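Which chain is which? The protein sequence lines are A, B, C and D, in order. Here the first sequence stands for residues 54 to 113, numbered as in the working numbering. Here the second sequence stands for residues 78 to 454, numbered as in the working numbering. Here the third sequence stands for residues 529 to 736, numbered as in the working numbering. Here the fourth sequence stands for residues 848 to 991, numbered as in the working numbering. The beta carbon of each residue, even a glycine, is placed where N, CA and C say it ideally should be.
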Amino acid sequence: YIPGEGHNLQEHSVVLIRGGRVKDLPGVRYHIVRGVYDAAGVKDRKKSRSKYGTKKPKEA
Amino acid sequence: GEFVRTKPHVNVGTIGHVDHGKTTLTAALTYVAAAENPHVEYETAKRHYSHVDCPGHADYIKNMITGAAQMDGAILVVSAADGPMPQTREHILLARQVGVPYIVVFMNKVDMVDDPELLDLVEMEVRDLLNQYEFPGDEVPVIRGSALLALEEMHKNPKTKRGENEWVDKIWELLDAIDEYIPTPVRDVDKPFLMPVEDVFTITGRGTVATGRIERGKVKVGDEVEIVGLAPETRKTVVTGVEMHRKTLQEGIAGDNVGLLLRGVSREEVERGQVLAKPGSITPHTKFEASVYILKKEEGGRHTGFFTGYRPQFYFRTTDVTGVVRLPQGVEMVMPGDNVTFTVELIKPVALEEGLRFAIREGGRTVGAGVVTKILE
Amino acid sequence: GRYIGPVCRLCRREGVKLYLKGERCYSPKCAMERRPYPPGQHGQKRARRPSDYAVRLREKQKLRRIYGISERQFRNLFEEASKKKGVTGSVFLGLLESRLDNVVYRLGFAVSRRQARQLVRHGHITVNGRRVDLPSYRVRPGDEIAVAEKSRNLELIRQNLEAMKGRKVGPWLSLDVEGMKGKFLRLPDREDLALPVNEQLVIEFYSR
Amino acid sequence: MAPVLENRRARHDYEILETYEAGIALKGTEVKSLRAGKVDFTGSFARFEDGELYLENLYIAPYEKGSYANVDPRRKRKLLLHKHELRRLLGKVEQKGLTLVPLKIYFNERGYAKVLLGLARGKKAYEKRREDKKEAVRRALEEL
RNA sequence: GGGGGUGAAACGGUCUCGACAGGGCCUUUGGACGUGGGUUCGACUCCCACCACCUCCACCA
RNA sequence: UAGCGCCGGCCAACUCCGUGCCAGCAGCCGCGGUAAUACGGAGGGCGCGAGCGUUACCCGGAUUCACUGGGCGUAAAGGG
RNA sequence: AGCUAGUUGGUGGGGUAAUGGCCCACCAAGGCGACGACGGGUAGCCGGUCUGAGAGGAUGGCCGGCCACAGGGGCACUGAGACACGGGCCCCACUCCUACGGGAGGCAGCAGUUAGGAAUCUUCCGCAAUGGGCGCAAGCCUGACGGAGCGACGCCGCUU
Ligand SMILES: C/C=C\C=C\[C@@H]1O[C@](O)([C@H](CC)C(=O)NC/C=C/C=C(\C)[C@@H](OC)[C@@H](C)[C@@H]2O[C@H](/C=C/C=C/C=C(\C)C(=O)c3c(O)cc[nH]c3=O)[C@H](O)[C@@H]2O)[C@H](O)[C@H](O)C1(C)C
Ligand SMILES: Nc1nc2c(ncn2[C@@H]2O[C@H](COP(=O)(O)OP(=O)(O)O)[C@@H](O)[C@H]2O)c(=O)[nH]1
Ligand SMILES: [Mg+2]
Ligand SMILES: [Zn+2]
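Shown next, in the form of structure tokens:
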């Protein structure tokens, strides 16, 4: 599974697999760790970030 | 072997059309110069040299720029048998863009096809060409000779001392033209420290090493730096060896073309386009606006106007990343000539400072030139 | 480390008056007065029937928050408390009290523990001669809590220590208010610390 | 060279009276993905904010080649319809609860992504079973 | 760092038929074939420089 | 210097707007179909604090291999 | 689900510090197996350790004890002791020197590289201490060890 809203994963990208099924999608048993390798954090994200790759957005 | 500094140090490369002599010549200088004192190097009584040898093609221009961005002067090699050609012309232009100081010249192949005019004709058209680019054409030294014949006889007898062969001598008429004329310049060993990276390679049983020409300040075995740019988040480390031409340097002063040993990094963390800034100074960014003079049909290449979308390639120090030009609001377009100030966002993040002269190259011809106004990313 | 933020905020919410500030938190504005209700956009609406957990929580939170001691310190202390011989609902209190910063407070010097905290950390307070800047230093039976020499002529150790002229000291403590000495007589009991907390529920909160 | 796409799922779903065919404002990086046929219409009705129609909720896979360039799959893509044709659909849409749905997608003679719209029965109320004892007792408890 | 490879049909001729937008009811130009630009009266087609993948070489201060 | 997790139930902590089975959450039950205390942000609250969360693994809960401490008419379980 | 011929035992030997099928002749047909032999998979064992009301379950990283190994594999020599981590002979793989006929070597010591991987550190300082080896002794050697370094990896203390 690829969490968050939006991703940048290509038909051949380097990903880090975590582990956590998805009672919804059949044989899907692992979550892709957002924010590692080709898997980018979540743009605009601001809440539960630690669990969505995105770094602390400076209050600009 | 521990590198011991004595004579002032200069960086000088050799450019020119293909098959004109560049590589041979370098070989030439190397042996000829070494006969006296018990990417190459050579000490010439007065000075100490690092000779970068530009080898590539119109396909390998992504190193020409870099190579030239350094060197405090360049040897323009021109074939006597052929005379100025498109690559002989192209480099000169770049030597100009990259802003190289003083351009010595070496008509080569003089050993072949002998003609009274040929030599004077050619020597005249080379100068002519330089002058066509704001270089001290007439004022600049033009040595006549044969790299091969010098090199050849240096193999016959690698002891040949100046004055013992007409061909070897011509090399000295060059080394000499370089010893004087091409001036050693201002270093700036009193500023922070910083060094772009030109080549990153792993030294077995030691680890990663990063080479480049020390921009400003110095570095010593035991200091601390921060590889900045092209990476998700800057890396802070400590250096463990400053070497120059396979020799152990004690302190890398600015102007030094050296290899720095980064303790702990993996060869994947370092690249060409980063910098080994000393902590605190410099920081990665991807946004800024700036003053950019846009060359006209006359120079560079842009012969039309460009809008805001434009994704030219921006060349900073050793590398170049593509960026987007966010024209200011109320402008609408730029045209050949004039100096415009606009915002740009690089797809990749790169080390930046208040006043950093960078260039803009697109479509194979330098379209712009400019300095950094403010940092926004 | 040690909360550090709106305290006359915890006063309410808990709903049972707190005084981490001392004077103000003692005057006609312990925040409670005017706002006896918990913080936030809500704070004063039908407070749903608390659950068995909410309670255990509030009790331990109450008591803990009544020292500053962060969960790790608090809880870590409770554990040891359990071990020791004898009832715990008391011993846990026995130790929560031997805490120097607390003792130093129970004995004046500060119009509150938060102010008793900054008083130890800055070398002001001492014990049996040598100083101690460890709020966590658990005080033994006897060790007096004398002030310093650079500390006395202080515009603030004055005022604070001048609230002693009259008022009495804890049933397990003495007090030479001239040499600012006074000792630690004995381990306090459940009543002596008639605190607005039911220690039992706090023993249980730490089960599930 | 792209096969005719289709919303089999809602061709049956809503009764179809009149139909309208209009071109769209494709990003091209999208035009690729449409030629590959990787796109579905599930949960997508077409409306018009202001005076311009915009097929919304249509999913067009991203173009792997296109890398960072591609826009999000569900985009408010704009359609192209004659002015008199556009007003007739507005008359029917504003006035009554009739939907405009992507009926299918393809490329005409000239080779442009051309979407086929339909007239919708709409209605189709979604039955929602309700009130779980738990809540009921729950509220009683608190309220009183 | 470079070489090659894939960005639709072994293909120079209109215009999304259309709505938004700038000139000249109908003509029309822009936009959409990875992105940025050239060349043409005119490009999906043709050069360029980027981008992301693929693939083959290079690489010990 | 102050961060991180959580705020539908289990579980301590509620409101406005955005989206309209879309985008998304998710440990289980389950939320999302135009007033979403469950999605995204904000305000606020809770927990914890140089840490906070996730993932994997062991025991626990699980008297769910039961010795302590289970069962077998119809729930799995009497051998033709 | 059956296993076994040096197999089980015997007489006499060979061998070792010493018993012994440990090895060898010769004689006998024996030995083991549902109380699980043989074979397969996994695994270094314990003190402890985590969990648990407990009986249990899970684990064996650090520190102490035993065992096994030292690139894969065989062998002995020396010696109180080894069939020897930085000793030797030999075959194999691999890398390196060569004047192409034969040489040098083994980090699972310390520190370091590279590969693999989600991931694991300084080419450091000192023999002052403690311990060891050699020596009458002074003393030499000791990457044991006493320390410093890097990493919130953990626990405890501390601050804003
Ligand atoms: C250009 C490539 C890399 C630049 C890198 C950076 O540039 C710099 O940013 C630099 C800072 C000023 C920069 O911006 N360079 C960027 C720009 C710099 C531009 C400077 C100097 C100018 O002056 C306005 C200078 C060239 C100027 O042109 C004139 C000549 C023009 C000739 C044009 C071509 C002609 C006839 C021609 O036949 C020709 C051809 O050559 C090729 C093909 N077909 C042709 O038909 C004259 O000779 C003047 O001298 C810094 O130096 C950085 O440190 C850097 C070196 C890293
Ligand atoms: N006749 C002649 N040929 C030369 C001389 N020097 C070099 N060459 C030849 O020039 C050719 C290209 O030389 P090279 O150094 O590779 O030129 P580069 O293209 O600049 O590297 C080689 O075949 C050389 O032998 C010379 O002095 N005289
Ligand atoms: Mg060459
Ligand atoms: Zn108060």
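### Message
Buried or exposed for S223 of chain B, going by 16 or more other Cβ atoms inside 10 Å?
### Response
Taking the first residue of the second sequence as 1, we reach residue 223 of chain B at position 146. Classification for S223 of chain B: buried.
### Query
With contact counted as at least three CB pairs below 8 angstroms, one residue from each stretch, are the segment 81-101 of chain B and the segment 121-130 of chain B in contact?
Output reads yes: the segment 121-130 of chain B touches the segment 81-101 of chain B.
### Query
When you compare only the Cα positions, how much space is there between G969 of chain D and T946 of chain D?
As a working note, residue 969 of chain D is residue 122 in the fourth sequence. As a working note, residue 946 of chain D is residue 99 in the fourth sequence. Those two C-alpha atoms are separated by around 6 angstroms.
### Task
Just the C-alpha distance for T395 of chain B and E241 of chain B, rounded to the nearest angstrom, thanks.
Locating residue 395 of chain B in the second sequence gives position 318, counting from the first residue. Locating residue 241 of chain B in the second sequence gives position 164, counting from the first residue. For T395 of chain B and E241 of chain B, the distance between alpha carbons rounds to 42 angstroms.
### Task
Using the Cα positions of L852 of chain D and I70 of chain A, report the straight-line distance between them to the nearest angstrom.
For the purposes of this step, residue 852 of chain D is identified with residue 5 of the fourth sequence, where counting begins at 1. For the purposes of this step, residue 70 of chain A is identified with residue 17 of the first sequence, where counting begins at 1. Cα-Cα distance, rounded: 34 angstroms.
### Query
Should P716 of chain C go down as buried or exposed, given a rule of 16 or more other Cβ atoms within 10 Å for buried?
For the purposes of this step, residue 716 of chain C is taken as residue 188 along the third sequence, with counting starting at 1. It is buried - the Cβ of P716 of chain C has at least 16 other Cβ atoms within 10 Å.
### Task
Give, in chain order, every residue of the segment 895-928 of chain D whose Cβ lies closer than 8 angstroms to some Cβ of chain A.
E911, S914, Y915, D919
### Task
Could you tell me whether the segment 369-377 of chain B touches the segment 340-347 of chain B, using the rule of 3 or more Cβ pairs below 8 angstroms?
no
### Query
Taking all protein chains shown into account, do 16 or more other C-beta atoms lie within 10 angstroms of the C-beta of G445 of chain B, making it buried, or fewer, making it exposed?
Stepping through the second sequence from its first residue, residue 445 of chain B is reached at position 368. Buried, since its Cβ has 16 or more Cβ neighbours within 10 Å.
### Message
Any residue with its C-beta under 7 angstroms from a non-hydrogen atom of ligand 3 counts. Can you list them all in chain order?
### Response
Counting only beta-carbon distances shorter than 7 angstroms to the non-hydrogen atoms of ligand 3, the qualifying residues in chain order are B:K99, B:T100, B:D130, B:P132.
#### Entry: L546 of chain C: CB within 7 angstroms of a non-hydrogen atom of ligand 4
Here residue 546 of chain C refers to the residue found at position 18 when the third sequence is read from its first residue. Result yes, Cβ under 7 angstroms from ligand 4.
### Query
Are there three or more Cβ pairs, one per stretch, closer than 8 angstroms when the segment 177-197 of chain B is compared with the segment 155-165 of chain B?
The segment 177-197 of chain B vs the segment 155-165 of chain B: in contact.
### Query
Do you know offhand how far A916 of chain D's Cα is from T876 of chain D's?
Here residue 916 of chain D is taken as the residue at index 69 of the fourth sequence, counted from 1. Here residue 876 of chain D is taken as the residue at index 29 of the fourth sequence, counted from 1. Those two C-alpha atoms are separated by around 7 angstroms.
### Message
Buried or exposed for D397 of chain B, going by 16 or more other Cβ atoms inside 10 Å?
### Response
Here residue 397 of chain B refers to the residue found at position 320 of the second sequence. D397 of chain B comes out buried.
### Query
Since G94 of chain A meets chain D, which of its residues come closer than 7 angstroms, beta carbon to beta carbon?
The count along the first sequence starts at 1 and reaches residue 94 of chain A at position 41. By Cβ distance, chain D contributes nothing, its closest Cβ being about 14 angstroms from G94 of chain A, past 7 angstroms.
### Task
Report yes if the CB atom of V648 of chain C is closer than 8 angstroms to the CB atom of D661 of chain C, and no otherwise.
If you number the third sequence from 1, residue 648 of chain C lands on position 120. If you number the third sequence from 1, residue 661 of chain C lands on position 133. Yes, the pair counts as a contact, with Cβ atoms nearer than the cut-off.
### Query
At which residue ranges does the segment 161-206 of chain B contain complete beta strand (DSSP E) runs of 3 or more residues, listed in the order of the chain?
182-185
### Task
For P161 of chain B, count neighbouring C-beta atoms within 10 Å of its own C-beta (all shown protein chains included) and say buried if the count is 16 or more, exposed if not.
Translated into the one-based positions of the second sequence, residue 161 of chain B becomes position 84. That one is buried.
### Task
Tell me, please, whether the CB atom of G59 of chain A is closer than 8 angstroms to any CB atom in chain D?
Position 6 of the first sequence, counted from the start, is the residue given in the question as residue 59 of chain A. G59 of chain A counts as touching chain D.
### Query
Name the chain D residues that come within less than 8 angstroms of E64 of chain A, Cβ to Cβ?
For this step, residue 64 of chain A is matched to residue 11 along the first sequence. Result: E911.
### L326 of chain B (DSSP reduced to helix, strand or coil)
The sequence position of residue 326 of chain B within the second sequence is 249, counting from 1. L326 of chain B: strand per DSSP, three-state reduction.
### Message
Mapping the DSSP letters down to three states, classify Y581 of chain C as helix, strand or coil.
### Response
Stepping through the third sequence from its first residue, residue 581 of chain C is reached at position 53. Helix.
### Sequence-distant residues of the same chain with beta carbon closer than 6 angstroms to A308 of chain B, five excluded per side
Position 231 of the second sequence, counted from the start, is the residue given in the question as residue 308 of chain B. The answer is none, since no qualifying residue turns up.
### Contact set for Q589 of chain C: own chain, Cβ-Cβ below 8 angstroms, skip 5 residues either direction
Taking the third sequence and counting its residues from 1, the one referred to as residue 589 of chain C is at position 61. Taken in chain order, the residues that qualify are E542.
### Task
Classify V86 of chain A as helix, strand or coil using the three-state DSSP reduction.
Taking the first residue of the first sequence as position 1, residue 86 of chain A is located at position 33. It is coil, neither helix nor strand.
### Message
At 3 residues or longer, what runs of the beta strand (DSSP E) sit wholly inside the segment 705-734 of chain C?
### Response
none
### Query
Quick one: what's got a C-beta closer than 8 angstroms to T100 of chain B's C-beta in the same chain, skipping five residues either side?
Start at 1 with the first residue of the second sequence, and residue 100 of chain B comes out as number 23. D130, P132.
### Task
Run the proximity test for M162 of chain B: is its beta-carbon closer than 7 angstroms to any non-hydrogen atom belonging to ligand 5?
You won't find ligand 5 in this model; what it holds is ligand 1, ligand 2, ligand 3 and ligand 4.
### Query
Grouping DSSP H, G and I as helix and E and B as strand, with all else coil, what is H125 of chain B?
Here residue 125 of chain B refers to the residue found at position 48 of the second sequence. Reduced to three states, the DSSP call for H125 of chain B is strand.
### Query
Should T314 of chain B and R293 of chain B be called a contact, given that it needs their Cβ atoms to be closer than 8 angstroms?
Position 237 of the second sequence holds residue 314 of chain B. Position 216 of the second sequence holds residue 293 of chain B. Taking C-beta atoms as the reference points, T314 of chain B and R293 of chain B fail to come closer than 8 angstroms.
### Query
Can you name, in chain order, every residue of its own chain whose Cβ lies under 6 angstroms from the Cβ of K355 of chain B, other than the five neighbours on each side?
The residue given as residue 355 of chain B occupies position 278 in the second sequence. Correct list, in chain order: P269, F270, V302.
### Task
Determine the direct distance from the alpha carbon of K930 of chain D to that of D860 of chain D, and round the result to whole angstroms.
Taking the first residue of the fourth sequence as position 1, residue 860 of chain D is located at position 13. Taking the first residue of the fourth sequence as position 1, residue 930 of chain D is located at position 83. Rounded to whole angstroms, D860 of chain D to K930 of chain D spans 29 angstroms at the Cα level.
### Message
Any heavy atom of ligand 1 closer than 7 angstroms to the beta-carbon of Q351 of chain B?
### Response
Taking the first residue of the second sequence as 1, we reach residue 351 of chain B at position 274. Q351 of chain B Cβ: outside cutoff for every heavy atom of ligand 1.
### Task
State the Cα-Cα distance for the pair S618 of chain C and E677 of chain C, rounded to the nearest angstrom.
Counted from its first residue, the third sequence places residue 618 of chain C at position 90. Counted from its first residue, the third sequence places residue 677 of chain C at position 149. Straight-line Cα distance between these residues: approximately 36 angstroms.
#### Entry: Proximity of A960 of chain D and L873 of chain D at Cβ, strictly below 8 angstroms
Here residue 960 of chain D refers to the residue found at position 113 of the fourth sequence. Here residue 873 of chain D refers to the residue found at position 26 of the fourth sequence. Cβ atoms of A960 of chain D and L873 of chain D: closer than 8 angstroms.
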